[PDB]
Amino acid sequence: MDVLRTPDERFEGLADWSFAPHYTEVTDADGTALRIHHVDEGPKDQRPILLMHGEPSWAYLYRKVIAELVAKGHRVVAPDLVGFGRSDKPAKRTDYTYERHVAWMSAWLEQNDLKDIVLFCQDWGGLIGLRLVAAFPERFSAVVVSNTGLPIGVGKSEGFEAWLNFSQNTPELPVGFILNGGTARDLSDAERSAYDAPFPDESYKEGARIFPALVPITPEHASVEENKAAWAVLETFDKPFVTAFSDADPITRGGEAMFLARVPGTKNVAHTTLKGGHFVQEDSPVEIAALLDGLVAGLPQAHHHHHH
């Protein structure tokens, strides 16, 4: 693969983002080494709260959630998907596939040897993060899903399809503008600029351009088979599994029901509806941090595992 790397000057002076970058080198099956970025804040003796972003955001989306949780004594880890943030960015849309993202982030997870994880995932952060849970369930102590899903090509998803068709018809993808359109609150120019930071020009956006087309909404899509298999693992996942979808995101709203129907770990936890749009982290960051803090505190009294 041809690979782009955003210059570091782009990440200077960003509103409410001073977290030091960490990097991991993962090797693709084609031999290409890709550098993935994450932040890691707080004490290493605490279990990691893993925060996963989706399309077309980056770990910046969690900046307030990170600050709140760190202030409460937690360890917080937030990676950038390949194509996004401070991670490397394959140069062709055709370089990105759902299975490739899963393989890349699986390597990242194993190489950083993250365990005892409390996962919060949203959009593609969940499409990929939930595949990590299904591949490595004993690495996860609890999961929170918000405005996400694990599609299997079934039914209609017209909310999402409206976004899909727009995202493919448009000749350019104005990322800060999209973030603002998917948040109830009005993002400042500085905040929108931070979302534009990874992408000095359109050539850096090929992962952002193709992501919607990778969502498996038809039976013929790539990754339908793999996602159906992953659901069989999630049907056995009995540790706390919380839904925290927002009230004003018709793109993903329909994704919640299958978790409640199929995942045993949803039975003995309280679910909530958060206030906000698709990018709920901009609308309800304090509430998300409070939810995760309380979830962590209750783990010893909840169902848990040993010997991994």
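Heads up: residue numbers just count along the shown sequence, starting at 1.
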{"item": "Which of 265 to 273 and 41 to 49 has higher mean CA B factor, as the PDB entry lists it", "value": "41 to 49"}
{"item": "Of 26 to 34 and 59 to 67, the one with larger mean CA B-factor", "value": "26 to 34"}
{"item": "Maximum C-alpha temperature factor, selected from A103, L150, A229, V145", "value": "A229"}
{"item": "Per the PDB entry, maximal CA B factor within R139, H74, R86, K205", "value": "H74"}
{"item": "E172 CA temperature factor, ranked by third within the chain", "value": "highest"}
{"item": "Chain-relative CA temperature factor third for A257", "value": "highest"}
{"item": "B-factor third for the C-alpha atom of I128 within its chain", "value": "lowest"}
{"item": "Cα B factor band for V242 (lowest, middle or highest third within the chain)", "value": "lowest"}
{"item": "CA B-factor placement of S193, once the chain's modelled residues are sorted into thirds", "value": "middle"}
